[PDB]
Every structure is written in structure tokens, then in C-alpha cells.
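Chemist: This one's experimental. Sequence and coordinates below.
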Amino acid sequence: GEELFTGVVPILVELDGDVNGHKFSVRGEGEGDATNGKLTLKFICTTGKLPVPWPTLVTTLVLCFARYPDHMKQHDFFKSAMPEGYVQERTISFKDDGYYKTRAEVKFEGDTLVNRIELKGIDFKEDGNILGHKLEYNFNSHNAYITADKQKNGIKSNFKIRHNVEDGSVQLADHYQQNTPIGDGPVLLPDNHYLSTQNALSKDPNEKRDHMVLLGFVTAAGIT
């Protein structure tokens, strides 16, 4: 449970993707500090050029690192499922474009918190904002509301991400998310609340590979 997150925890992220038949892989490494809600990660496209914009993968690429304030500890499903972990599945529909479907397992593998993901993308436009790489390299603040899913013994969430387009417009990405536990022990099913997240995206000047350096802060709120 939550005791696995009292200090800084190494993170490994692995993604295998296929968007419109364009196959790619991403590896990320870094660490998470749930006491401050902080993620520091570097992601590399290990197959060459990433065929979608890095910001469209941020939500897919570890909510167990959210900072749950003491008065909300009983509502932290994500840490309660550890070390066995949880499955996280999303459908992400890009307005006037294609959709992603993702399945991930988030679980401890020894001393490392691992997020291992399979992503498919369907019916994107080669000239659209995604395959056409028309999104700014940034990721706005968002709140995601978390509700219990008692039948699945987990949580669900749906939320819209606003991605800035280079021409000043916005590209919406409508997320539906469902999480379940991998293990069969007791988990914490939350009252309604939300997570507030901010991200800063950057580039390592000495990295020639297609990559994303990510800072994130995730904080739970919305309960008494």
C-alpha cells in the first residue's frame, strides 16, 4: 500500500504503439515522489521518429504518485493496489480525428514502479494535427475527476485534454478511463474527488534521439 511511496521511487515506462500501422516504441525512466506529487521522467522513442506528438502520449505515459493530502488518504485507490498493481485502460478520442486505445499495467517489479503499455491508434488523418505534428510542445494544466467503480473494484474517470495547436486553435482529446486491481487484496474505493496535474516539457540539448523530458506535479483535492 501507501507505505511503498514514502520516499523517492524509481520508475520504468515501456510503451509499444501502433497508430494507423505506424509502429513505435517508447522507453521512459526517472522517479516519482508521492510526498510532493512530483514526477521526473525522460522518455525516448527507441524506434526512431515518434509518429505522433509527444504531448498526445503524456496521459498514457502513474497516478500512484499523486500527492493525497492526509485528510484524503482513505481515497487513494492507486497506492492501495500496490505492490500487485492495477490495470489502466483508456479510449482517447481526438476531435475531428482518430482515437487511441490503451491498456497498461502499473505495478512494482522489485524496487521499481513499472508502467507497461500497449497503445493502438485508429483512423487518424495523415494531415491532421496528430500525424501531421501540428501540436505545440507543452501540456496544459488539467483536473481529472475520479469516481469509484464498485462493480470492477476500482475507479473510473473521464476528462477532456486541450492540446494547443500551432495555429492557435485547440485539439480536444476525450479520455475515458477504467482502472482495476491486479491483486485480490483490499483496496481503497474513493469518494468523488479530482486530481490536479501540471507538466513542464523540455528537451535535453545533448540528446539526438526523439525524446521528451517531463516534469509533473499531481495533487488530489476535492474532499473534506
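Modeler: Now that the structure is in, tell me what you want to look at. Numbers count the residues shown, from 1 in each chain.
Chemist: Residue 138 against residue 165, yeah?
Modeler: No. Contact criterion CB atoms under 8 Å: residue 138 and residue 165 do not qualify, at 11.3 Å. C-beta here means a position set from N, CA and C on the backbone, and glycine is covered the same way.
Chemist: So for stretch 177-194, first residue to last residue, what's the gap.
Modeler: End-to-end distance for stretch 177-194, by CA to CA, to the nearest Å: 14 Å.
Chemist: Could you check how far the closest residue to residue 81 other than its chain neighbours is from residue 72?
Modeler: Nearest non-adjacent residue to residue 81, counting by CB to CB, 6 or more residues apart in numbering: residue 181, 4.7 Å away. Distance of residue 181 to residue 72, given as CB to CB, to the nearest Å: 19 Å.
Chemist: Just the residues contacting stretch 172-188, thanks.
Modeler: If you take CB atoms under 8 Å, 6 or more residues apart in numbering as the criterion, stretch 172-188 is touched by 56, 59, 74-78, 80-81, 84-95, 105, 107, 144, 149, 152-163.
Chemist: and if we set it to 6 Å?
Modeler: With CB atoms under 6 Å, 6 or more residues apart in numbering as the test, stretch 172-188 has contacts from 74, 76-77, 80-81, 84-95, 152-161.
Chemist: cool, and stretch 60-77?
Modeler: 13, 28, 32, 34, 37, 39, 78-79, 102, 115, 117, 155, 187-188, 190-191, 193, 195, 218-220, 223.
Chemist: Now, of the residues you listed, which are buried?
Modeler: 13, 28, 32, 34, 37, 39, 78-79, 102, 115, 117, 155, 187-188, 190, 193, 195, 218-220 (16 or more other CB atoms under 10 Å).
Chemist: Just those residues: which are in helices?
Modeler: Cross-referencing the buried ones among the contacts of stretch 60-77 against helices under DSSP state H gives 78, 79.
Chemist: Can you tell me which of the buried ones among the contacts of stretch 60-77 end up in strands?
Modeler: 13, 28, 32, 39, 102, 115, 117, 155, 193, 195, 218-220 (DSSP state E).
Chemist: from memory residue 5 sits against residue 34, does it?
Modeler: Yes. Shown here, residue 5 and residue 34 form a contact pair, counting by CB atoms under 6 Å, at 4.0 Å.
Chemist: Pull up the pairing partners for the host helix or strand of residue 163, direction included.
Modeler: Residue 163 is located in strand 154-164, with elements delineated by DSSP states H and E. In the sheet, strand 154-164 lines up against strand 142-149 (antiparallel), strand 170-181 (antiparallel) (DSSP bridges).
Chemist: ok now that strand, how far from the chain's centre?
Modeler: 10 Å (CA atoms, centre = their mean, to the nearest Å).
Chemist: Outside of it itself, which residues are in contact with it?
Modeler: 55, 77, 135-136, 140, 144, 146-147, 149, 170-181.
Chemist: ok, 8 Å please
Modeler: With CB under 8 Å, 6+ apart as the test, strand 154-164 has contacts from 53, 55-56, 59, 77, 86, 129, 135-136, 138-140, 142-149, 170-181, 187, 189-190.
Chemist: PyMOL command to pick out the buried ones of the residues you listed?
Modeler: In PyMOL syntax, the buried subset of the contacts of strand 154-164 is picked out as below (16+ other CB under 10 Å):
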select buried, resi 53+55+56+59+77+86+129+135+136+139+142+144+146+148+149+171+173+175+177+178+179+180+181+187+189+190
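Chemist: who's in contact with stretch 92-106?
Modeler: By CB under 8 Å, 6+ apart, stretch 92-106 touches 19-20, 56, 59-60, 62-64, 78, 85-91, 113-125, 128-130, 171-176, 182.
Chemist: I am finished for the moment; much appreciated.
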